[PDB]
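The next block holds one structure in the form of structure tokens; read it before the comments.
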Amino acid sequence: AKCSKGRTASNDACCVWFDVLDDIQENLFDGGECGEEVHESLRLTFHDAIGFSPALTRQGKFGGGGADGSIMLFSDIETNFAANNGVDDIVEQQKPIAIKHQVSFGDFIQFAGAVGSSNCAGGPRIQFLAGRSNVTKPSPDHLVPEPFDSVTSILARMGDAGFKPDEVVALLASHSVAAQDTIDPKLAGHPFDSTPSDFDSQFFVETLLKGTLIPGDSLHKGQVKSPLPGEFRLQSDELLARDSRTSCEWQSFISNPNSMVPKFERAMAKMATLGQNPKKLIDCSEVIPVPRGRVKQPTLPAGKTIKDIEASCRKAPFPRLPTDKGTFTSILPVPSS
Ligand code: HEM
Ligand SMILES: [Ca+2]
Ligand SMILES: [Ca+2]
């Protein structure tokens with residue numbers, strides 16, 4: 001079918017998404033950037049989708065509708081859950097856009113995550129399906145993993161929702177394009193790796209370095225020491241990198257960087273459809289732009305060595321990586337406004 005700007009699609013109902021695409025690239029993402037709004041949007045995909053618990057359903061309680069737009073439709077309720085701190089911002093930015101184009105909140109949330117991540121260097125091209133209903137109920141509280149939860153707790157929660165340990169590590173490739181605002185607000189915008197606009201393996205490398213510094217005035221609930229100035233480290237990411245249930249897969253994105261995009265794409269297609277039936281939605285994947293950028297060689301930061309890595313996968317030694325020349329430069333906070 002014929003869509004705007006001479007573009008075409010197999011299914012006429014995908015056409016509206018080219019217009020949403022044009023809007024959000026130009027306005028929300030400031031010209032196709034992989035910056036704050038994209039990072040916020042990719043996070044919102046998980047905070048909407050993970051409110052899905054077959055464990056609650058089996059006990060005769062409402063378990064949440066999954067990727068259903070509930071965080072947006074019932075924002076007054078969900079954004080005030082403890083685990084949802086920091087999301088009010090992007091929710092309040094996205095809402096009027098989805099209303100304006102008259103697309104469902106659940107569809108919009110996954111679409112902005114998929115469009116946005118495609119802007120990141122070396123980024124993924126996430127499957128995009130359309131047709132989720134705006135009729136749902138608010139997620140139960142206590143379904144979103146928090147950075148001070150144990151690995152056992154996180155793996156049990158993710159597993160209830162349908163993810164294997166290897167899938168959780170893959171989904172955490174998102175932290176390669178990510179920063180925090182709410183754990184230490186004085187360091188709002190400090191990223192989880194040295195390259196928050198590149199979808200690369202530096203996150204998996206740098207979370208394996210020994211933590212040596214407190215970046216702000218003190219540590220805070222959910223934070224641990226950082227290995228590099230300007231970086232921020234989450235308690236959960238540190239533990240997941242070293243725990244025998246997840247440590248080999250973590251390191252596998254360093255040993256085989258090419259595998260990060262496909263494993264992330266497959267896990268996100270599943271996440272994006274929690275509480276949905278794909279055979280009852282429509283496939284609008286061709287609207288998602290093709291990402292640009294080569295798979296980058298992972299490297300050790302300037303001034304670090306292999307001795308600084310806490311290798312944690314017993315079956316397989318940490319790969320030999322190049323080290324950046326010279327002295328390290330403090331990582332910039334992610335910009336903007
Ligand atoms: C597995 C358990 C996870 C935990 C404990 C976790 C924890 C966190 C925390 C604490 C932040 C900082 C929020 C702030 O203070 O601003 C964050 C940021 C982020 N999270 Fe995760 N996350 C997890 C999984 C995921 C998943 C599955 C995704 C998406 C597929 C994701 C995407 C992001 C993104 C893109 C950011 C950057 C947000 C920004 O720059 O404002 N996270 N995460
Ligand atoms: Ca939801
Ligand atoms: Ca990165």
Side-chain angles (χ1 to χ4, degrees), residues 33-36 38-39 42 117 119-124 169-170 172-180 184 187-216 219 223-242 246-264 291-313 316-336:
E33 294 183 8
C34 173
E36 176 79 8
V38 159
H39 305 154
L42 178 61
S117 308
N119 293 332
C120 312
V169 176
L172 284 160
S174 58
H175 282 198
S176 186
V177 285
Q180 64 100 37
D184 180 350
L187 314 176
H190 286 214
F192 304 147
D193 75 13
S194 55
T195 57
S197 293
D198 303 350
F199 195 72
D200 66 6
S201 297
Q202 290 307 138
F203 168 75
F204 298 102
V205 175
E206 293 160 16
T207 50
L208 281 166
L209 290 163
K210 302 178 181 172
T212 55
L213 62 91
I214 300 174
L219 296 170
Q223 184 187 9
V224 290
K225 292 184 188 174
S226 290
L228 302 164
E231 185 155 289
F232 192 93
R233 183 183 288 186
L234 292 177
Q235 175 180 326
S236 51
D237 286 337
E238 188 176 66
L239 285 172
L240 288 155
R242 297 163 176 65
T246 47
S247 61
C248 291
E249 196 71 352
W250 202 270
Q251 188 180 274
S252 85
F253 292 122
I254 307 180
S255 290
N256 189 16
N258 279 248
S259 66
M260 201 183 76
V261 161
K263 289 187 179 179
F264 182 80
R292 290 235 301 158
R294 65 184 191 237
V295 175
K296 298 167 66 194
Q297 174 63 50
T299 64
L300 297 175
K304 293 296 177 173
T305 70
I306 183 69
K307 280 199 283 192
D308 299 314
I309 291 278
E310 303 182 290
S312 303
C313 174
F318 189 90
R320 171 46 160 84
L321 303 182
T323 294
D324 300 350
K325 282 182 265 187
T327 66
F328 189 80
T329 300
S330 176
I331 305 165
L332 278 184
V334 181
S336 228

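In this chain, numbering begins with 1 at the start of the sequence shown. Heavy atoms only: backbone and side chains are in, while hydrogens, waters and symmetry mates are out.
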Indicate whether the side chain of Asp237 and that of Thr207 have a donor and an acceptor atom separated by less than 3.5 Å. no
Can you check whether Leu213 reaches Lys225 side chain to side chain, under 4.5 Å on heavy atoms? no
Side chain proximity check, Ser117 to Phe199, heavy atoms < 4.5 angstrom: no
Can you give me the closest heavy-atom contact between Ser255 and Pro257, atom names plus distance? C-CD, 3.5 Å
N/O donor-acceptor pair under 3.5 Å between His190 side chain and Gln180 backbone: no
The reported gap from CZ in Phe192 to CD in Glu231 (rounded to nearest 0.5 angstrom) is 9.5 Å
Closer than 3.5 angstrom, by distance alone: can the side chain of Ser252 be matched with the main-chain N or O of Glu249 as a donor-acceptor pair? yes
Minimum heavy-atom separation for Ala241 to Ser247, with atom names? O-CB, 3.2 Å
Could you pull out the closest heavy-atom pair between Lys325 and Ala302, with the gap in Å? O-CB, 3.7 Å
Between the side chains of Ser312 and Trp250, does any donor sit under 3.5 Å from an acceptor? no
I want to check something: taking the side chain as every heavy atom from C-beta on, are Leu300 and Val205 in contact at a cut-off of under 4.5 Å? yes
How long is the span from the CG atom in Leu228 to the CZ atom in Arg233, to the nearest 0.5 Å? 8.0 Å
Please report the shortest heavy-atom distance between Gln251 and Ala316, naming the atom on each side. NE2-O, 3.0 Å
Side-chain (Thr299) to main-chain (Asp324) donor-acceptor, under 3.5 angstrom: no
Between the main-chain N or O of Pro227 and the side-chain N or O of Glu206, is there a donor-acceptor pair closer than 3.5 Å? no
Rounded to the nearest 0.5 Å, how far does CG of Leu321 lie from CD1 of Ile309? 7.5 Å
Between the CG atom in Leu209 and the CD1 atom in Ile306, the distance rounded to the nearest 0.5 Å is 9.0 Å
Give a yes or no on whether the backbone of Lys210 and the side-chain of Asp308 come within a donor-acceptor separation of less than 3.5 Å. no
Is a side-chain donor or acceptor of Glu36 paired with a backbone partner of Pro335 at a separation under 3.5 angstrom? no
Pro301 to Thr323 - nearest heavy-atom pair and separation: O-CG2, 3.8 Å
Rounded to the nearest 0.5 Å, the CZ atom of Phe204 sits from the CG atom of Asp193 at a distance of 9.5 Å
Could you give me the CA-CA distance, side-chain angles and deciding distance for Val177 and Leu42, then say whether side chain to side chain contact (heavy atoms under 4.5 Å, CB included) is met? CA-CA 9 Å; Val177 285; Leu42 178 61; 4.1 Å; yes
Heavy-atom side-chain contact between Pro191 and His39 under 4.5 Å: no
Donor-acceptor contact below 3.5 Å, side chain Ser197 vs main chain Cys34: yes
Less than 4.5 Å apart, any side-chain heavy atom of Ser201 and any of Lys296? no
For the residue pair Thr212 and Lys304, establish whether any side-chain heavy-atom pair is separated by less than 4.5 Å. yes
With rounding to the nearest 0.5 angstrom, report the OG to CD1 distance, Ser226 to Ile331. 8.0 Å
For the residue pair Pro319 and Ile254, what are the closest heavy atoms and their distance? CG-CG2, 3.6 Å
Looking at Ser176 and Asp200, would you say the former's side chain and the latter's main chain have a donor-acceptor pair under 3.5 Å? yes
